[PDB]
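**Student:** Pasting a structure here, questions to come.
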Amino acid sequence: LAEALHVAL
Ligand SMILES: [Co+2]
């Protein structure tokens, strides 16, 4: 979750 959102952003 954390990576997914950090890379989306
Ligand atoms: Co974080």
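A note on labels: chains of the structure tokens are A, B, ... as shown, every chain counts residues from 1, and ligands are counted from 1 in their shown order.
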DSSP on the backbone, then: every residue of chain A marked helix (DSSP H, G or I), written as a ChimeraX atom specification.

**Tutor:** /A:2-8

**Student:** Once you count only C-alpha atoms and all ligand atoms, which residues end up within 9 Å of ligand 1, and could you hand them over as a list in words?

**Tutor:** residues 2, 3, 5 and 6 of chain A
